[PDB]
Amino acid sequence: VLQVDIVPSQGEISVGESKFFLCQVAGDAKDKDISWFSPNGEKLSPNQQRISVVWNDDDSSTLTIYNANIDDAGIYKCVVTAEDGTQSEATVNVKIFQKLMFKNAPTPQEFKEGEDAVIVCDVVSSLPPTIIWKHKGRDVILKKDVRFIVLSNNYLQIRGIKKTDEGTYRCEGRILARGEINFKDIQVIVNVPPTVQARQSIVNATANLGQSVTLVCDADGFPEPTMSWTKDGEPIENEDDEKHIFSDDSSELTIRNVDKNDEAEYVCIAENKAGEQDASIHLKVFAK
């Protein structure tokens, strides 16, 4: 009697992806029923959303598995029933797996100079991945710079990270059985705490002569330090400004019409995401 075949004859679907299968009946005289059954033995209701069974013509029926998940795995079968109740079937083994992909591998990843840096790279795959970390083409391992280590979770550890260690690092995953490869480039940034020094620690000025004085601090670090000042411990707003004028980086503070109220200890605070350092300047104002 009847011939039923499913194309493709077998299938594999990665979690979250979709695949379809066509159950075809041979010759096809009509008035026969075509029904699909899932791996758990249940008959699939036609025209549903995710596990879709769509009759095409009286010759075939298509099973589409959208957004696959592990519980979709198994032998699905297509049964054909002739007007007299005689039945024929074709079965199809559907495997579900997780293709090698990156789940969490942020870029860039930043570290403070000197700390032990751990570069995070989270992969997912049904079969266990072999991970290789690459820098500038090489395998950071085969060089044996004792500071480089691949941890049990496959993250790259760079002990006492140096400013010269920044750059792009490649996290490469391989699955031997499938000869599968996927990789991700991660930019590593090293931040350096600020250091700062006053250009002049002591400054003397004369009051009420309408003159200005410029206080200067020289700082560096990475990212470039942002400067803020204090007058005897009290903040000084960068803002409108009539008296206090700051440079773009605020590394320079210009006091405009100097009078005795300007005499104080000024502190320039240099900060960036990795730290802080300050320096003081003593301004003394003498009556004219």
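Numbering starts at 1 and runs along the sequence shown.
Undergrad: Between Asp232 and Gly233, how many residues of the deposited sequence have no coordinates in this entry: none, 1 to 3, 4 to 9, or 10 or more?
TA: Unresolved stretch here: none.
Undergrad: Check the entry's C-alpha temperature factors for 161-169 and 202-210, then say which stretch has the higher mean.
TA: So the stretch with the higher mean C-alpha B-factor is 202-210.
Undergrad: Test of understanding: from the entry's C-alpha B-factors, which stretch has the higher mean, 268-276 or 20-28?
TA: Going by the record's values, the stretch with the higher mean is 20-28.
Undergrad: Of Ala73, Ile181, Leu127, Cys121, which one's C-alpha B factor is largest in the deposited record?
TA: Highest C-alpha B-factor among the listed options: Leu127.
Undergrad: Where does the C-alpha B-factor of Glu110 rank in its chain, lowest, middle or highest third?
TA: CA B-factor rank for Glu110: lowest third.
Undergrad: By the recorded C-alpha temperature factor, relative to the other modelled residues in its chain, which third is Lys77 in?
TA: Its C-alpha B-factor belongs to the middle third of this chain's values.
Undergrad: Pull the Cα B-factor of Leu44 out of the PDB entry and bin it into the chain's lowest, middle or highest third.
TA: Ranked within chain, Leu44 CA B lands in the lowest tercile.
Undergrad: Lowest, middle or highest third: where is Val7 by Cα B-factor in its chain?
TA: Within its chain, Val7 is a middle-third residue by C-alpha B-factor, going by the deposited values.
Undergrad: Based on the entry's values, in what third of the chain does the Cα temperature factor of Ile281 lie: lowest, middle or highest?
TA: Tercile = lowest for this residue's CA B-factor.
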